[PDB]
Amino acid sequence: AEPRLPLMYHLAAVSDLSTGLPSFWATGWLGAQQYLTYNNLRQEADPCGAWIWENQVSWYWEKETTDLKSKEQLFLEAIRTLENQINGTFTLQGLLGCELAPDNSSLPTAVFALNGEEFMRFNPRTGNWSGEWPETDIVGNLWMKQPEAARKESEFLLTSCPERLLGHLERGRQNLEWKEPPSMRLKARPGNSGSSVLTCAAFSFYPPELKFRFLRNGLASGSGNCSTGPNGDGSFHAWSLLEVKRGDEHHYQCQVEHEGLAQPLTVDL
């Protein structure tokens, strides 16, 4: 029901290193903000942004590093296997994590993809990997060569995850309750023949959920073509474009809705 805060890890590995990418790397997120970073050319998991100042139990960051070094070995070996029985290059990705149940117990997630498409899944309550593709077998078989693997992956999801999540909900309450509204601007510029383009821009807001609505003489008139992107410091940036008749620009306004605003904010040219 209520906003259910998720904790998720994003994992990847590649064979082609001609553009300077490391062979394996990962990031970790609490909802929409990044709290962790890690890559094989450095061997250590580090906190990001404000999390650098969170008060944690002394072994916290050391345990994140070890659980991740484990996953790195499974991924890199899976790549070399495929590179032996098949021709070509590969990219392997994983999405692992959880959410808290009413009794503070875990609700898990575990899916994998090869060269851009889902090809496998893992069930922690039973310890098994599934899927329906020739590669599913090549990889799943490799990972079953040692029984500890299945057990460790099961613990990471059903014990560790809910533990770290309840812990951040406690020590990082301040960061997690972040509700900052956007700074706004509305401007007009030349468009196609006989037209002007209006751009509604929103700067430095958090969380990312936001809603744009253009108004004409005070009435709803469309949402426009919109997009959003990261702003460099953890906050977000978004914009929406609407095409209107040259000379009628002054009739239009922009209105936005966001959690950090007591109510909708209306903006002028």
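Counting begins at 1, following the sequence as shown.
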Original post:
Which has higher Cα B-factors on average according to the PDB entry: 103-111 or 81-89?
Top reply: 81-89
Subject >> Mean Cα B-factor comparison, 139-147 or 188-196, giving the higher one as deposited >> reply: 139-147
**OP:** Would you mind checking which of 237, 213, 42, 216 has the top Cα temperature factor in the PDB entry?
**Re:** 42
**OP:** Please pick out which of 8, 265, 269, 1 has the largest Cα B-factor as recorded in the entry.
**Re:** 1
**OP:** Determine, from the deposited record, the chain-internal third of the Cα B-factor for residue 174: lowest, middle or highest.
**Re:** highest
Subject >> residue 254 - which third its CA temperature factor falls in, relative to the rest of the chain >> reply: lowest
**OP:** Select lowest, middle or highest to describe the third in which the CA B-factor of residue 167 falls within its chain in this entry.
**Re:** lowest
**OP:** Name the third of the chain's ranked CA B-factors that contains residue 128, choosing lowest, middle or highest.
**Re:** highest
Original post:
By its CA B factor, does residue 118 count among the lowest, middle or highest third of the modelled residues in the chain?
Top reply: highest
